[PDB]
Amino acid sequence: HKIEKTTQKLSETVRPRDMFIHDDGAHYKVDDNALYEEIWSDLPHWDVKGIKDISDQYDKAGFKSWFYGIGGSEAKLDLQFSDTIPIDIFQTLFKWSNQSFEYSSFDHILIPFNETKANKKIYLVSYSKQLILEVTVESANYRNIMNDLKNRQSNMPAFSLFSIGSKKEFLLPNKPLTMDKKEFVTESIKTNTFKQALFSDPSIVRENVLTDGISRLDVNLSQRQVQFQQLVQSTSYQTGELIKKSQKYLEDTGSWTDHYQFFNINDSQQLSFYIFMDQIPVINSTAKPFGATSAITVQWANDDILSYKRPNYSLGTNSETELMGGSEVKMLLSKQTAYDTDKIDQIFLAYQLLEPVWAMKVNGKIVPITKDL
């Protein structure tokens, strides 16, 4: 079973895009990575006592004040994901025995500060649907962890909510941010390496475009992209399962050339995984286009993978610039003409092919919010 490189745990593949502390009209980004890693690694050990849906306990205004620790509402640690994560996934990651709410999914896990009783509460939240699952839990380290957070809070980058478009608001810096830049010179993978690992039997592949009569492997060097296809589209797999299957598949084929994380799943169930550097998404710049796609894309069939598209190179080993603050981001998107801000779904930090930049998700498309306006 030819492989290609290293091993990756599910908790490494699907995890929060970032972490924020919301409280009293303020918002602080948890930028210390070791702290992010500490929270993420300890969370799965918080033993679940019970789970209950409490969505009906809040109206629109209530939900928002609570979610962001407005006024008297306790401050909240917000673990933001890139897509609504199926509850099936959280159950696996945390070894939960729970089996109800089988159809729910969430894009945020929030943890309130000041939980003193033995029974503490965390919440699985699907923001736009305002759905909330209250998870009662026991934690040996909650107190220590929430203590560090609260103490390092003051020196955390300050973010606020900017209303861009007329339908949503986006977490963005109060002022510009200073972040390190690029590096380069990939590693690249030989077409033969993909062949030996992707075909169940490389001895019969022929014809660079290679096939074994029932599976094509296209390596386009100019696009720095490899493609592996086989003709249906799964029907027996629910979102959670497709994600699990993708994890196992990328693991069994040694696809983890770099640290890849699940980003989201398509309307047509195409799962996207991106290369992450410093817990930051690595995307492709608009102009000076390096490659054609920097994300691993997986499409499943009922008993086989339909298509797998990925980079034919790797990175990850070893300047300085300023990224707009948000008022600068708002004003820009305010007069760019290209896209309609009412269509912006998400705005987030991303390295560009590696330069810190703000990226937006507009109608599935992911565009670098740069002066290339």
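The first residue of the sequence shown is number 1, and the count goes up from there.
Visitor: Between residue 10 and residue 11, determine how many residues of the deposited chain lack coordinates; answer none if the chain runs continuously, otherwise 1 to 3, 4 to 9, or 10 or more.
Guide: Unmodelled stretch: none, continuous chain.
Visitor: I want to verify a possible break: how many residues of the deposited sequence sit between residue 241 and residue 242 without any coordinates (none, 1 to 3, 4 to 9, 10 or more)?
Guide: Per the deposited record, the segment joining residue 241 and residue 242 has no missing residues.
Visitor: Is the mean CA B factor in the deposited entry higher across 298 to 306 or across 87 to 95?
Guide: Per the deposited B-factors, the answer is 298 to 306.
Visitor: Can you tell me which stretch has the higher mean Cα B-factor, 247 to 255 or 148 to 156?
Guide: Mean C-alpha B-factor is greater for 148 to 156.
Visitor: Looking at 272, 233, 196, 82, which has the highest CA B-factor as recorded?
Guide: If I rank 272, 233, 196, 82 by C-alpha B-factor, first place goes to 233.
Visitor: Looking at the C-alpha B-factor values in the deposited entry, which of 35, 333, 51, 70 comes out highest?
Guide: Reading the PDB entry, the winner on C-alpha B-factor is 333.
Visitor: Just say lowest, middle or highest third for the CA B-factor of residue 162 relative to the other modelled residues in its chain.
Guide: As the PDB entry reports it, the C-alpha B-factor of residue 162 lands in the middle third of its chain.
Visitor: Which third of the chain does residue 42 land in by C-alpha B-factor: lowest, middle or highest?
Guide: Ranked within chain, residue 42 CA B lands in the lowest tercile.
Visitor: Going by the recorded CA B-factors, say which third of the chain residue 281 sits in, lowest, middle or highest.
Guide: Its C-alpha B-factor, which the entry lists for residue 281, ranks in the middle third among residues of this chain.
Visitor: Using only modelled residues of the chain, where does the Cα B factor of residue 361 rank: lowest third, middle third or highest third?
Guide: As the PDB entry reports it, the C-alpha B-factor of residue 361 lands in the middle third of its chain.
Visitor: State the tercile, meaning the lowest, middle or highest third, of residue 326 with respect to the CA B-factors recorded for its chain.
Guide: According to the entry, residue 326 has a C-alpha B-factor in the chain's highest third.
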